[PDB]
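Given next, in structure tokens, is a single chain: the form solved without homotropine (HTQ).
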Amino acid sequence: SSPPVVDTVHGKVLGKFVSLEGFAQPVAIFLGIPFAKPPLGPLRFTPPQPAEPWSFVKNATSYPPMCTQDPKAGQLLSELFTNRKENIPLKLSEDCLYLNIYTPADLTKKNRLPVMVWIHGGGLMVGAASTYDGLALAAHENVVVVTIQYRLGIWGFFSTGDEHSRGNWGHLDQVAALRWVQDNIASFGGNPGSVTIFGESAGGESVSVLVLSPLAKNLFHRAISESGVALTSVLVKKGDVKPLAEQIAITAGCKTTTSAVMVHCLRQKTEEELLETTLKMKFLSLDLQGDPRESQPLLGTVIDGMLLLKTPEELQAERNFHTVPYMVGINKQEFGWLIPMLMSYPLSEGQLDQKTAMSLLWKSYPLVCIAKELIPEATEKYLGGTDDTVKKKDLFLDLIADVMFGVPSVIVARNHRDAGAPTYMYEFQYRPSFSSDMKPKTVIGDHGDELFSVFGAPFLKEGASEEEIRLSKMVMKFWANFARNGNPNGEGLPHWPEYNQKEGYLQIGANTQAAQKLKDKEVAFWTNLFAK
């Protein structure tokens, strides 16, 4: 059993065979395949260029570096979200435009399996492909799993609001990886005519952005957004991006005389200087002093005129997006622990009175975008029904989650539905055994909790209950069925209704069953509140 070697457009790559319990045949894995030229030097803040071809056989058996990011938050996220038994050491580099492939196909024969391309999350600031082991999903469901990387943070999203640094470099990377998949995936036994993009959090927003982008035409055939869409407004910068660009430049020690000056100066800084700039900006944290409307906890997607021609809201109203089957889902308690913990969010005392709730909601402006005049109505609605300050804290977490994830996700699915595309929603409500031990036991369906199920963590890690094992089997089959057919349903599975005018969705957890009208009262409350 000599190792698997296949042809890419840029030359040959060598992978490794790995076995999984319960399967007679191994899965072929390829780690660290480049899909573009490393974006170093003058290639910073420019679109991804094609990779240089290589002679002989590239050894693709080592994990690539993760894109430069805060190593504290980035390592923490990898540890909390990995489906693998052990945490892998990951290097940081600007040289990070790699993908990893897991294929169960026999590479000596023509195979055209459905391909699932995973776009990780981490607020467009942190994260790695290598965190997510495709082995279980590939073997259990007979799909090719591709995990991709894309530039993060300053490297990925620096925008001057004009032609000197349009922005969205990370998204163009995601597009470039999808073009690589079109050109190459058949050598790995994948069907370039059946590509499903899926991602969580910022990866779900990225998926949503690709559904909105003419650059992504002909590159995918199904989409799945898990806890994140293009209406998750913390990730999309509308209006004037030039003052945040200037703040970044000034922090880096660059003059702000013109756009071209700022971008040129930043292209001169070392990786290290830019990482120090990143840390000094205190991204992924809330500012508790200063005008909340000027606070930017992350850099993000911009309306650049190449990837996105208008705002997501405008493109939606026009029905100008790709009408592929789209599954959009949320977890029950999206702001229950993970996100506030990662942001060092002030709610640690375990309780909240209504006056404190109101100033904190105001400080939370970059996350929720609620004008100071709307704060009292918003707060009263969620917290005003109880005098218990412990329960006020919990309802406050629901408020944040509803505004960041629940409402945006339902709005996106309704528009997608009304454009005539097949649409499905879920709400995931389970507390995984793989949860952090600092996470309170009452938090069920936290941000990220579905990832263990989707990626088959019970098959790779120790300690899963029988119920968790079955939950993962069901979720993987739903997801792969959707990749195959644009419909997650099939034999042995609870019925998942289409999200049509009755708004059927699947509640996923210990008691998986269909329900209707996910977040309906919350969409009505918020959209009408925001409309003055």
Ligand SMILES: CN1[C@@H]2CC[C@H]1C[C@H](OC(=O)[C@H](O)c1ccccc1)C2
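Shifts are known only where both forms have a C-alpha. For every residue, the number given is its place in the sequence shown, counted from 1. The term rigid core refers to the maximal set of C-alpha atoms that superpose within 1.5 Å between the two forms.
The form deposited with homotropine (HTQ) bound exists for this protein as well; it is not shown, and the discussion that follows is about that form.
> For the chain shown here without its partner, which stretch in 106-114, 172-180, 404-412, 374-382 has non-hydrogen atoms within 4.5 angstroms of homotropine (HTQ) in the bound PDB entry?
Residues of 404-412 come within 4.5 Å of the partner.
> Could you check which residue among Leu347, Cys254, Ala419, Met306 gets a heavy atom within 4.5 Å of homotropine (HTQ) in the bound PDB entry?
If I apply the 4.5 Å criterion carefully, the residue I get is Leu347.
> Which residue among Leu342, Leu215, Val324, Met281 has a heavy atom within 4.5 angstroms of homotropine (HTQ) in the bound PDB entry?
For this set of options, the contacting one is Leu342.
> Does homotropine (HTQ), in the bound PDB entry, lie within 4.5 angstroms of each residue among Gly123, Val126 and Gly336, using heavy atoms as the measure?
Per the other structure, all of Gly123, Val126 and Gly336 touch homotropine (HTQ).
> Mark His447 yes when one of its heavy atoms lies within 4.5 Å of a heavy atom of homotropine (HTQ) in the bound PDB entry, and no otherwise.
Heavy-atom contact with homotropine (HTQ) at 4.5 Å: present for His447.
> Answer for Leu219 alone: is it within 4.5 Å of homotropine (HTQ) in the bound PDB entry, judged on heavy atom distances?
It does not: once homotropine (HTQ) is placed as it appears in the bound PDB entry, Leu219 has no heavy atom within 4.5 Å of it.
> So in the bound PDB entry, is homotropine (HTQ) close enough to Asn168 to count as touching (4.5 Å, heavy atoms)?
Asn168: no contact with homotropine (HTQ) in the bound PDB entry.
> Looking in the bound PDB entry, any heavy atom of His140 within 4.5 Å of homotropine (HTQ)?
Result no; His140 lies far from homotropine (HTQ) in the bound PDB entry.
> After fitting on the rigid core, list every run of 3 or more consecutive residues where each C-alpha shifts 2 Å or more between this form and the one not shown, in sequence order.
After superposition, only residues 319-322 shift as a run.
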